[PDB]
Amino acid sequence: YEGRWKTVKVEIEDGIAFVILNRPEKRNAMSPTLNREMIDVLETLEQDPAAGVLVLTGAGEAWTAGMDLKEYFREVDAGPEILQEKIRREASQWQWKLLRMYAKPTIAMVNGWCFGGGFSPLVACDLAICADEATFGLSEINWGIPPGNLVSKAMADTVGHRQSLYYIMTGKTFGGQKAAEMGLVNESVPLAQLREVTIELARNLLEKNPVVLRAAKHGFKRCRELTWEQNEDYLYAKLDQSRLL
């Protein structure tokens, strides 16, 4: 994978695939090029037997600053109305359509700035660990747009109703400890311990049977959407499907 993508790096060791957003000069802002490369990364890693767990993280200071505004407006304005359809679909494709129900377990390792559009893949990742020193913010409101793509849903799934509305409406920033207290991530630790803690967690997930872990994590995310009576059928079907596979 060395040198394979312009805007993303993948480094695999001991079954742990670190997927590293790599536009550090622009705080790993997600451009249309980054979106297309991330789809290719996820599809490729899915079928790579050396990858048992994915860890999503950022190069340099940022996790991701969110959408690349220049690069989106560059691409979008250079085409017909229908190019916007494609650009938005590419963003969704890696950020959650492939990632939320990904076949392998996924951990967001939030090393620094996590803003705006970054909240979609943050929550699509199964588990998340951040640095205390990381800063989070839904600044869209201060830029004059509401949260785009699945950002508001990412917050609804993880953070309480009052707290989500406060951060969305005010655009105020919050650090790692607060992110963990609100439920946006699993834990926050000093940046110096972030990689070690994340790796200990990844190792734990690697000890599980991947088909069973997949049934468990997909079953949980989907059951939130279903009634108890629906889930009787659905959750036993997931159990039987795991026994088959």
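Residue numbers run from 1 along the displayed sequence.
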| item | value |
| --- | --- |
| Stretch with the higher entry mean CA B-factor, where the candidates are 178 to 186 and 22 to 30 | 22 to 30 |
| Mean Cα B-factor comparison, 65 to 73 or 211 to 219, giving the higher one as deposited | 65 to 73 |
| Top residue by Cα temperature factor, when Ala156, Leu150, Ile145, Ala108 are compared in the entry | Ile145 |
| Selection from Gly160, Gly137, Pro80, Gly118 [criterion: highest C-alpha temperature factor in the record] | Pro80 |
| Ranked against its chain, the third holding the CA B-factor of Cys114 | middle |
| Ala131, C-alpha B-factor rank within chain (lowest, middle or highest third) | middle |
| CA B-factor placement of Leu42, once the chain's modelled residues are sorted into thirds | lowest |
| Relative C-alpha B-factor of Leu165, binned into the chain's lowest, middle or highest third | lowest |
| Ranked against its chain, the third holding the CA B-factor of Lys86 | highest |
